[PDB]
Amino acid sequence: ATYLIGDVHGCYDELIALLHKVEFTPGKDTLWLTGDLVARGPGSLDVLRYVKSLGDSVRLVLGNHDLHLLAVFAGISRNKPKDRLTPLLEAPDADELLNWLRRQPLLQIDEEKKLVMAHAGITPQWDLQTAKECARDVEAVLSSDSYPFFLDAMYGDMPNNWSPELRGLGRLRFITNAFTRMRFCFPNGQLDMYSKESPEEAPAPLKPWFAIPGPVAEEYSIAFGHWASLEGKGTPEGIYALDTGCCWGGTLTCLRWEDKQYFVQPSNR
C-alpha cells in the first residue's frame, strides 16, 4: 500500500503510532512525507534517523523547516530555541543525517498514480515540465559542496512572479518560495509571502494557490503539507492538504492512496 503523511515536525511518537495503526511494512508499502520533518516537536533527531533508514520505502520532499535546519547546521542562520533542534545538531551522526537530508527532492511524481507531491504545492504558474526543471536546479545546488551559499541566498520574499526569463538569485529564491512557502496567490497567480491564515479569514483578492486553475492540478492529484491553518479542509477534488498541525496540538494525518482512507493520530501534547 501507499501511505501519505503530512508535516511531522519532530513528533516521532505520533508518527510511529500512526504507522503501527496501518501496519506500515517496508517492502510491501511505501510512505510519502510532505516535509517539515523537524522542529517544534521534541523528536527531530529520532524522526530523521527513522526516515533516513527507510530508504526506497520513503518518498520525501523538503519543507521550509528542513531547509532552515540545513541553514542552521551550515552556520548560515541562527538557531531559534523554540525549534528544539539542539539534540539533532549535536548528535554524533549529525553530518550523516543532514548530508542525507540535503540530497532529498523538492518534488515527487508518480505517473501511474497521476500523483504529485511538494511541501507547499505547485504554483498555478508552472506546468509539469517547468516544475520538474526548477526542482532539479534547486536540488542540484542543495546536493553540491557549495550548498551553504545557496542556503544564504534563498532567504527573501521577492520576486514573487514566475517568468522563464528569471535568472540567478531571483530565480532560485522564487523556486524555493513556490515549493516550500506558498499559500495564497493573487488572481494572476503571483505569490503572497505574508498571510498564513485560513482561506476564509484571508483578505481579498487573495485566493488559495489551489483555487486557481493550473496545468499540473488539471491533470494530476497534488498532495502537500505546510499550510496548517487550512486544517486539511476546504480543498477541491484532487487536492490533498495533509498538514493537520500535529506539532501544534492538532493531529497527524495519514492517507492511504488505494482506497483514499484516512487514519488520524491525536497529538500527545
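Heads up: residue numbers just count along the shown sequence, starting at 1.
Stretches 77-85 and 117-125 differ in mean CA B factor, with 77-85 having the higher one. Stretches 32-40 and 230-238 differ in mean C-alpha B factor, with the higher average recorded for 230-238. Note on the listed residues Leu48, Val58, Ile212, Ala223: the highest Cα temperature factor in the record is that of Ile212. Across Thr130, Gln108, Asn177, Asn99, the entry's maximum B-factor at the CA atom is seen for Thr130. For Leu252, the recorded CA B-factor ranks within the middle third of the chain. Only modelled residues enter the ranking. For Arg183, the recorded CA temperature factor ranks within the middle third of the chain's modelled residues. Among all modelled residues in its chain, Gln104 ranks in the lowest third by Cα B-factor.
In this PDB entry, the Cα temperature factor of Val72 sits in the middle third of its chain's modelled residues. Looking at the C-alpha B-factors along this chain, the one for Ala153 belongs to the highest third.
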